[PDB]
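One chain follows as structure tokens, the form deposited in one PDB entry.
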């Protein structure tokens, strides 16, 4: 009788970390016979294709559903009609009646009225996608978006050529939702659900009503909000029996901040912990800190579910140090380069393998060139199989400054690869036992980190013992059975 609704703004094939957490939590909750589906709030004309792709990938469990605010009212309109809205298509054909086609490409074409010479429409076709832009006195006023020759969206433009209004059409061509867009920022204003006849102030108000409609108000209906920006959608509902939980996936203090400010969305989630069933944080250190920083007590520590794959058959004897992450500023790959330079200066043999892609990639590539670390530091690009890459490492490293837990570090430990990491807020101290299953470095101490890398990289006996103890610890501390027990304990409170 228990059912779970997991909130996040959107799902997409590129996304990772928070979605991957939600995807596995769903798999685990479904395995424990508690359906755990995902609720999204954005609009995408191709959501069916995206969900099919995430499932084929093996990323999203087949059992996992995605409820979407738009998709829900879309299927209500689909059942509401049997015949297509031929009147909209005819209205479009009549606009391009006395035209003459002038191409630019295969799909790309411009249409002009042969009796006036006025620019009327721009049409761009791309296999499944088609966009029709309509003009008045040489300026774009409208846009009809198509998938498989069926209209799904109409956008209204202003004098400055920004979208000021949107309409969403069902599979038969019927407008089910319409809304105002504030030109300057792109904020969702006044909304109209045509399928139900109802009207809302903004997207917040719509999604609040939608959650009140999707989720039955009973003790067995559980709302878990992962997306920090979409916490007000869960928070503001009228539900009086249904459970309300917030998951914080990051460190709550602002990144690269010396003022000591908190992340705004997280600050709000936190402040309102007593007013809901609870707020989940990944590590005990985060919870303790939150309790001393805020006048709130309803904070719970539940590590994210951990996937314990079998360990590599063989340990790596070769002096290979691994780093698998998104190439982003918080990861501090600049500090890993500064450490690599210190490591390679004392030992020529050691090699650094850095997997991933992102914003810092070019700044780090040029950094290897300056420090003449070409023969020892390798940017290997993105990996679809980090588990396989891990087999090839003697140890794993983390220069990251900010984390909620640090899943790559946990992943490395599962694959019997010890971690040498900066002792940051939050995560490394939760799972690394210094001088037993890896090393905890004083944050920014590039020299002490370099030392422990050299010690572990040149000791085949220490590397295998730290690796084997790293795996045993993840199994002991983050067992699926213990994590599910913590969640259940809250659901049954």
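Just so we're on the same page, rigid core means the largest C-alpha set that superposes within 1.5 Å between forms. Positions refer to the first chain, counted from 1.
There is also a form deposited in another entry; it is not shown, and the following applies to it.
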*Pick out the one residue among 42, 448, 28, 61 whose C-alpha shifts by 2 Å or more between the shown form and the other one, once the rigid core is superposed.*
448
*asked:* Taking the rigid core as the reference frame, tell me whether residue 246 has a CA displacement of 2 angstroms or more between the shown form and the other one.
replied: no
_Aligning on the core only, does the CA of residue 349 end up 2 angstroms or more away between the shown form and the other one?_
yes
*Answer yes if the CA of residue 384 moves 2 Å or more between the shown form and the other one after aligning the rigid core, and no otherwise.*
yes
